[PDB]
Each structure stands twice: as C-alpha cells, then as structure tokens.
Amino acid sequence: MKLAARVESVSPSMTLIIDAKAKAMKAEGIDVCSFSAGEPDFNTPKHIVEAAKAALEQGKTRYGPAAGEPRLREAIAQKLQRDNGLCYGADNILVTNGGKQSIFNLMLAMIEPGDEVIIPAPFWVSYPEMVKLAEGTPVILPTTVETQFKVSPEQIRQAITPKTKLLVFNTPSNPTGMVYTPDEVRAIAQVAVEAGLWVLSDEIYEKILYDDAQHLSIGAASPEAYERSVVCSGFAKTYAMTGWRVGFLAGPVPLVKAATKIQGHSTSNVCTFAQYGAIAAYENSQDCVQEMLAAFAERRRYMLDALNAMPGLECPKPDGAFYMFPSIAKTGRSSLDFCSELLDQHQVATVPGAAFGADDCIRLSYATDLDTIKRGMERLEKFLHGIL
C-alpha cells in the first residue's frame, strides 16, 4: 500500500493555496490582474493550426516511429543547423511530449540513484523534481540579484563532486528572463568540458529575445562541448503551442537511442497530427514569431519601466523569455506572504519566488494585455507604498 520512494520524494506544490484563492476570487467575479501565467497569451498561429487539421483529415492518426515522424526529425535537425550552428542529423533528434518529456527522458537515461545534478537557482519548478524521479540528488547553486541571477563558471567548478553527473543550463531563463551572453556560455562550457560533465541545454526560449540580446547554444561553444551536451527544447514558447505538447531532444546518437527506448516504453510516439503542426512551424515563414515578439517587447517596456519606478524592489533587466523576477527583499517579507497579501489586498496575482528556489523574489509574466499590465502595476506600486 506504499508508493515507490521516488514519487514520495517529490515535493508538493508551494503555490497550491494561493492558486486556489485566485481561482475562487475569479469565480466570484472579483477584478483580478494576473501575472502568474507560464505560457504566451497568443493563439497558435493559424497556418500551424491548419496543418494539424489537414493532417487529421488526411488520416494521420496512426502509430508512428517512437523517435518521431521522419519529416519532423529532419525539419528539427535542419533548424538546429541553420539557427544554432549545431551539426545534427535526423538520427540525433527525438520528438517528445514537450520540452518537459525531453528533459525527463534524458534524466531517466543518464541519472542513476546517487548521481548529483547541478541546478542553478532560481530554477524552473520541475527540474529538481524530475531529478528526484530519476533517483538523483539535486545540487542547487544559489544566485543573487546582485549577480543578475547568473551562476559563474567558478561557482559550477566548486560544486562538482565525484558524484556530479549533469549540469542543467537554462538560457534564456524561466523565471528570471535573464540571458547568458555568448562569452558567458562559452566560459561555462569550458568548465563543463574540463570536468568532462554532460550539460543539458534548455533552450526553449531561444527566440524570445530583446535589446539585440543573442542566444548561443552551449553545444556550439566548441566541438568538445558539442560531444557532451544535449539540447532540450520545443515549439511551446516560440509558437504559442504549450497545449500541443511537442518538443525534442537533440544530442549524440548513443544517448538519443537510449532516450528513444524510454519514449517507446512510456508514451510511444507523440500525437501524430500534433507533430504535423510542428512541421509547419519550422517549414514556413517566421513572421508570426517576430510579430508576437514585437508585442512582447512592447509589454516588457511598460512593465520594466513601472517596476523600475517602484520602491522596495530590485529588478535586474531581463533580455529574454517573458518574465520579470524582482527581489522583494527590502519589504522584509517572504515571497509567500508578499504574494498572498498582494492578492488579498490589491487583487494582483504573482508567483512567489520560493517555488523557484528564491524566497526573496517573485515572478511576473507580461504575457497578457497591456491594460491588465498598466492597472496591475498601479496596484502593485500602491501595495509597496503601503507596506514599506
């Protein structure tokens, strides 16, 4: 009657109560400004939606190879060569249910009981939980607003132990929205290569960039970095396809084949017609992406300016993704208390940094309409003035 230890070790969500309160308030018709979303507000581009409907009509509703539709594995490989300078072939990629499964399959393929996985904080909520489902030991590397929430190569080097099996490297970042410069990624890749450790490069937000920030896949830092790294990414953020559940793992054939064995004995191939939508996302014009990015840039401008004019905060300027992760340390309140109080007092929903391993910060998403942002930021400022 006892559950496996691996699942018992998974931590319960820290945002259960605040999420329920927000839900209930909305059910009552209370005017809430929400900045908790972890997905774009845009609809999936029409041509991607149409491709999927066409595949459905064409009968693309049967089983397919576990590694994914050959046409999509090819499109992905070509995209990685063209955009990221990564020399991959179709044999190097595995189609998964979102970037999440890509990461999950990598963990089960590489992490054995006892292995340590270095995870810089703040971190995407699922990272340590996934490491634990694979029976590994999460090694959290804390960062500060003073360091732009970035881990240094020396910080990584110090955390390496004979048990260290993997380094999780997410840029641009959720929840900070911070972007490691190409020189910074090259410097991090250098430490990894020297210590001979594998790197999981989570590049899901690669296209959501601002102020001419530049994205460099860590695997493109050098041929040695390429040999010990895998790309975990997908179509969710670039194309507002969060609900499609289509992503991929790209790396050395040996690893990919092992990850593919796992895919075949867990979920089998990814939804066939959903894969066709992803084919269209890469095979067609990227105009939709730039149009969406432009709206984001406009929202970012507004929220950043507002946040910068508020007392009691410290927000490092983010150049990627669609999040702001300001420090609320000056308020002397923990993230749970701060966000719960802000919601109750001013009806503004934000995510406590505690969920990402940073109790003195909060996450806001500007992936919502400008009017919600303007009104919400006004309420937030008023809240800060009332508690300092």
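All residue numbers are counted from 1 along the displayed sequence.
Check your understanding: Comparing 81-89 with 245-253, where is the mean C-alpha B-factor higher?
Key -> The stretch with the larger average C-alpha B-factor is 81-89.
Practice item. Identify the stretch, either 9-17 or 363-371, whose C-alpha atoms have the larger mean B-factor according to the entry. Key: Mean C-alpha B-factor is greater for 9-17.
**Study point:** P326, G357, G320, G59, ranked by C-alpha B-factor: the highest one
**Key:** Result of the comparison over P326, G357, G320, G59: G59.
Review point. Per the coordinate record, which of the options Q155, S201, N97, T137 holds the highest CA temperature factor?
Key: That would be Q155.
Point to revise | Lowest, middle or highest third - CA B-factor, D305 | key: CA B-factor rank for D305: middle third.
Review point. If you rank every modelled residue in this chain by C-alpha B factor, which third holds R299: lowest, middle or highest?
Key: For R299, whose C-alpha B-factor we compare with every modelled residue in the chain, the answer is the middle third.
Exercise for review: Looking at the entry's B-factor column for C-alpha atoms only, identify whether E116 ranks in the lowest, middle or highest third of its chain.
Suggested key: Tercile = middle for this residue's CA B-factor.
Exercise for review: For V179, return the chain-relative third of its C-alpha B-factor as stated in the PDB record: lowest, middle or highest.
Suggested key: Middle third by C-alpha B-factor.
**Study point:** Chain thirds of CA B-factor: placement of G196
**Key:** Tercile = highest for this residue's CA B-factor.
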